[PDB]
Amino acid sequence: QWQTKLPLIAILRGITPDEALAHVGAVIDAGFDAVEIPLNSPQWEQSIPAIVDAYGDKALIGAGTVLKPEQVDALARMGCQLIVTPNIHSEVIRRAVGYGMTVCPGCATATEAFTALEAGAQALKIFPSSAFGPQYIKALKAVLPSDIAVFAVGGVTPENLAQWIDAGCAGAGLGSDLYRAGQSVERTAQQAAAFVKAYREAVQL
C-alpha cells in the first residue's frame, strides 16, 4: 500500500520560490499529505528545500519530472522524500530507491510498468491517464502484482476521480487541475478542498 493517509499527490508545476510555502500550506491544510514540485519549475532548488523544511514532517515532500540520476543525488541532499517522473528510467528509480525515497515513476504501457518494477518501484504513475482511461488501468491491474499501488496522473478532476478509484487506482497525482502557474493561493485551497472531498466521497461510494 501507499504509506501516506490520503493517496493524492499535489503537483505544483511552475510554482516559484516566493509562492511555494503558501500554496503548499494550502494543499496540506486541506488534507493533502504528498506534494511535489516538478524540476521544470523555476528555481526549484530554492523551493524544494524550503518546503522540506517547513512541511517535511507534515507531508510527503518531493520532486517531479526527475529525468537524470544526478538530480536524484541533489534532491536527496535537499531532503526530498518523494521522486515522481513522467517516464521510466531504471537508474533514476534505482538511485531514488537507494536513498530510501518513495518513488512513483511514470509509465504508459505494460512493458514499461514491469521495467519500473524491476528497477525497484513500489508504486506506478500512469501518465497521461486521460488518453487511456480508467479501463486501461483496470486492464493493467489484471497483470500487475497485487500490492503495486497505481496512480492516475493526467486529466484527473474532482468530478472523475471516482472512476479512477473504481477502476483500481490507489490514488492520483493532480497537476494543472489543482495548480496552474500564477493562480491565487485561494484557488489552490479551493481545488485542494474539492479533490479531498471528491476522494472521501469516492471511498464512501
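Residues carry their position along the shown sequence, with the first being 1.
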Response to the item:
The stretch carrying the higher mean Cα B factor in the deposited entry, 126-134 or 71-79, is 126-134
Fill in: Third of chain Cα B-factors occupied by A110
lowest
Worksheet item: Taking the entry's C-alpha B-factors for this chain, is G64 in the lowest, middle or highest third?
Response: lowest
Worksheet item: Thinking about Cα B factors across the chain, which third does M101 belong to?
Response: highest
Worksheet, complete the sentence: Tertile call for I51 (CA temperature factor, within chain, third-based) is the middle
Worksheet item: How does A170 rank on Cα B-factor within its chain, lowest, middle or highest third?
Response: middle
